[PDB]
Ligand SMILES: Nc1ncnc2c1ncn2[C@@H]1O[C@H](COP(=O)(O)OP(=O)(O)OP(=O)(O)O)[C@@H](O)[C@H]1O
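Next up is one chain by itself, shown in structure tokens, the form deposited without the named molecule.
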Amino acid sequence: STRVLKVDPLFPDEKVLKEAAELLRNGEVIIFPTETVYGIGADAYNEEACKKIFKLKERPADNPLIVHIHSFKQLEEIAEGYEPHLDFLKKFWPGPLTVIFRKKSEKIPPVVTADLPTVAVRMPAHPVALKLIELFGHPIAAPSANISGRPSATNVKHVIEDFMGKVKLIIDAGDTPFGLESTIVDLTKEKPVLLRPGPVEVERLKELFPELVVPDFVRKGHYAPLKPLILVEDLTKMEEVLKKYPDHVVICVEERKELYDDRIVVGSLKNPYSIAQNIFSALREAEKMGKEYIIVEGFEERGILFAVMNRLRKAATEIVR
């Protein structure tokens, strides 16, 4: 019997946060906003609670949970060997970045870190998350709030679709600012590795880390709607695809809305952050509409659209080069 409690994103009612914190203490799972996507969270020091997360999501035990912290002091407790990167961290945290470090903490059980010697750590730039973590008094382990294979929840409607009646409490602070999961950068190797593109853009990371490695899986793509997804990187074949795949809805930019019959305008090329903010909602809207095929325009592999394309690639049933 799920409670949905709305809070202001800037100055949330601390009485609501206290209630969430009490649930966390009881080893319960809750859902809460961040600046990236909604999180489904539990006490990071509680094995049995974090196991519930994997179950609710239907997630493989080998995929570790990101551990959310509110301070640099907490970092010192849970990770080691990051001291050379402190300048970097202080430039991007709090913020839409997860970093991989060597695990130090004894309190975070294997289940959270998937038995790995590393820990994924994020300090979220969202007052609700920060205040919740601080008030609760432990780090929170939290992947995105969605059934695995479905698009990451960027608002409470999506969370309800996936989890109503499955968790005691959802904190609603509206649509998430970015709409996309945090950039993940691994810093435990000779050269830093990008494991997931996000709001901290590749171009910016390459400025700070000239030797940044971008593995094949990142460039070549999980996040999927319930109807076959056709991603069209070559927009010359757009004409051909529409006819090939007949029973269709389109997701397209503002600047080409007029070129289609039934089309969700995800956002404009002029403000690509709009596209990122809305892409997952668009996937969820499109699946509900009464069409057999979801057809999505591809975007530049640059800036935030890099991350968008990464997500669309991992979701597509067919890509059209």
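Quick note: we count residues from 1 along the sequence shown, nothing fancier. Heads up, when I say rigid core I mean the largest set of C-alphas that superpose within 1.5 Å between the two forms.
Greater C-alpha displacement in 4 other deposited structures of this protein (rigid core superposition, RMS over structures and residues), of 56-64 versus 272-280: 56-64. With every structure aligned by its rigid core, 105-113 is the stretch of 92-100 and 105-113 whose CA positions lie farther away in 4 other deposited structures of this protein. Unmodelled residues of the deposited sequence between neighbouring positions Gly221 and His222 number 10 or more. Stretches 161-169 and 119-127 differ in mean CA B factor, with 161-169 having the higher one. Here 16-24 and 309-317 are compared by their mean Cα B-factor, and 309-317 comes out higher. Listed residues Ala141, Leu132, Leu231, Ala145 were ranked by CA B-factor as deposited; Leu231 comes out on top. Residue set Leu195, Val156, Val213, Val250: peak C-alpha B-factor at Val250 (per PDB entry).
Ranked by Cα temperature factor within the chain, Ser268 sits in the middle third according to the deposited record. Compared with the other modelled residues of the chain, the Cα B-factor recorded for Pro64 ranks in the middle third. Ranked within its chain, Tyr38 lands in the lowest third, by CA B factor from the PDB record. Among the modelled residues of the chain, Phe101 sits in the middle third by CA temperature factor in this PDB entry. When the modelled residues of the chain are ordered by C-alpha B-factor, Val200 sits in the lowest third.
The protein also exists as the form deposited with the named molecule bound; that form is not presented, and the subsequent description refers to it.
Interface residue among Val241, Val111, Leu89, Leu195 relative to the named molecule in the bound PDB entry, by the heavy atom within 4.5 Å criterion: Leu195.
Of the residues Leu229, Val249, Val119, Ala173, just one reaches the named molecule in the bound PDB entry with a heavy atom at 4.5 Å or closer; this is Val119. Within 4.5 Å of the named molecule in the bound PDB entry, a heavy atom is found for not a single one of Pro225, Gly298 and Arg313.
Using a 4.5 angstroms threshold between heavy atoms, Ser148 counts as touching the named molecule in the bound PDB entry. Using a 4.5 angstroms threshold between heavy atoms, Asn26 stays clear of the named molecule in the bound PDB entry.
Though the partner is left out of this view, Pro64 does reach within 4.5 Å of the named molecule in the bound PDB entry, counting heavy atoms only. Interface membership of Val159, defined by any non-hydrogen atom within 4.5 Å of the named molecule in the bound PDB entry, is ruled out. With the partner left out here, the named molecule still marks one of 163-171, 229-237, 140-148, 72-80 in the bound PDB entry; by a 4.5 Å heavy atom cut-off that stretch is 140-148.
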